[PDB]
Structures are given as structure tokens and as C-alpha cells.
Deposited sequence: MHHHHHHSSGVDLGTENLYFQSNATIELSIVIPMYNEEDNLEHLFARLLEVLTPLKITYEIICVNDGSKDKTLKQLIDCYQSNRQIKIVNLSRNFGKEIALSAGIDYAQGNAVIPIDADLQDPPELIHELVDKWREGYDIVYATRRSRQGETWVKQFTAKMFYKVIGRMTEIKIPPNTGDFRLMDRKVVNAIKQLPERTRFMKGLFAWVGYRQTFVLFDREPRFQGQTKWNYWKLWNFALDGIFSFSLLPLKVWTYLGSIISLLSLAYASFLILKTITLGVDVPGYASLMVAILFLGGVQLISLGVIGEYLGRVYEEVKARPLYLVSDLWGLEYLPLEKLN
């Protein structure tokens, strides 16, 4: 069988093949376990596939997944995990920014009785205040969104057990927020503190933030249609107050004060409509993601359902 599966998404990653493979063989032979290296070429434009082919010729542990197009790092990672058959699957980066020597340590934490072992950086390490505070705010928001409290400073370097991988493959979602989905499974999780070696705008970021906020939970859709419906009721109210202030207290003010009532009433009514729609939209969202109701960790006395 295959015990470990190192998944490497690669796009324009030539000139890094030799050093990365040397480090991986250096750190994976002391483990004395049967491993595999699933390298997912994400439509590289340079001579990366040629060197990947040569490496796969030389070594029987490298397996290449060649995507038709450049789908992206997240999608290439998803393909690699889908084609990984090891008991533990470790996504790693091809630029070696996250050290591979920590893979060993990750394996140990996986053998302590854990299922997800995140690799959390010591501290931002670079990324001036402008980024640390934004990361803090986003992490607090998402931690309030979920009920599992994924660790801060988590990236795409991690260890997932076969249970975790099977659970992730059990979610048929196209709008994916990986951190939220990894929290949403909630197995025996942990994190290993690693320090990145001493060696993005707000257009690629803001889009990622919106994808995390909207494609994971209904909380933006629930907080709204709750702020609306606080107003609207406060607009239908005071619209009635204006009705009962013109009916008593004869209207000696400007002759078209009733316009205000209209501006409130329809508006408030419209908001209610929106709220209702939003609620149902959220329900439809939950229905179209088709998430499983539950995930089973272990069974005693029962075989697993098909």
C-alpha cells in the first residue's frame, strides 16, 4: 500500500525540480514508509512537464497529473488529493517556501492519534502591519462563522488522514472555501508550529476574502435580512406614526408629507420582500451545495454505509 502521498501543485516551476526532489528524497527515506509524490502540473507554459517526465522516468514514486488548463493552485491541489491514494496526504509547495523537513514532524503528529495536522507559521514573518491586521480581522470573522475554530496562520501545508480526504471528497461543492470546509469536518485536529526560513494587492486578496465570506456560510446572508427587517419594521413603524400624527395633529406642515409615508411604506415592504427572498435564497444555497448531514469518524458494531 501507499502510506504517504506528497501532493505538489506546479505551475512554471522549472529550475526548482532538482532541489525540491532532492529535499523530498532526503526527508522521506528516513521515515522508512511507502510514499508517493503526486505532482500536478497546472498548465505550465515553460519546460516544466518535460523535466517532470524525466523525473518520473528515473523514479517510480513520482506520478504526474497533467491538467488540461491552468485551473489554479487550489484546483490543482484538489486534483492531487483526488488522485492521491496514501493513508496520509500532505499538500506541499513547489517553491520550497514551506520547509519539507517538517513533513517528518507532521507524520509524528499524525501517529499520535490525529486526523488533520495543520502546519502553522511561527508568525507572519514579513507582511507588514498592513497585512497582519487584515489577516487578524479575517481570521476573527471566519472563526465566528464556524464552530470549530481553525488555527490562525494556516496555509496549504498540512497533513490529512484518509478519513479527512474521504470526507473532503464527500463534499460536492464548486464554490469552495478550503479553510471553512476543513473546519466544517471537525476530526481530531492539531497544528505544528514551524518557522519559515529567513529567505498580492487587494485585488487577488479581496476576491479571496469575498469567496471565503460568501462561499462558505450563510452568515452574511443571515446578518443581512436581519439588519433589513430591523429597518423596514422601523420604516413601517414611524410611517404609521406619521399616519397617526397627520390624522390627529392636523397636517399644517407642507402639503405633501404623505410622500414620506410612501417612501417608507413601499420601501419597508420592499425590504421585507428582499428579506424573505434572501432567506429562501440561503435555503436554496444549502440545498445546492449538497453537503452531507453528518460525518462518521468510527463505527463499533456496524459496517460503513455505501
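- Residues 1 to 24, 224 to 229, 337 to 341 of the deposited sequence, counted from 1, carry no C-alpha coordinates in the model.
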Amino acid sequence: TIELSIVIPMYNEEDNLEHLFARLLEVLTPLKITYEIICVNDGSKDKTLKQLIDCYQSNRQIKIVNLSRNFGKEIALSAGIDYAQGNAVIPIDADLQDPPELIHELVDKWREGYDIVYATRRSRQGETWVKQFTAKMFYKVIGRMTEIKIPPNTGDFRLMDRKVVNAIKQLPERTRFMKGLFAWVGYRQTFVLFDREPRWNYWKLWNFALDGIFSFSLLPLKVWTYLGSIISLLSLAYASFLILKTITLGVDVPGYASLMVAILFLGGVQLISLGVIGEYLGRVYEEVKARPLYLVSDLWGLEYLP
From here on, numbers count along this sequence of modelled residues.
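- Modelling of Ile62 is complete across the other compared entries in which both of its neighbours are modelled; not even a third of them leave it out.
- Figure legend: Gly250 is marked as unmodelled in at least a third of the other comparable entries of the protein.
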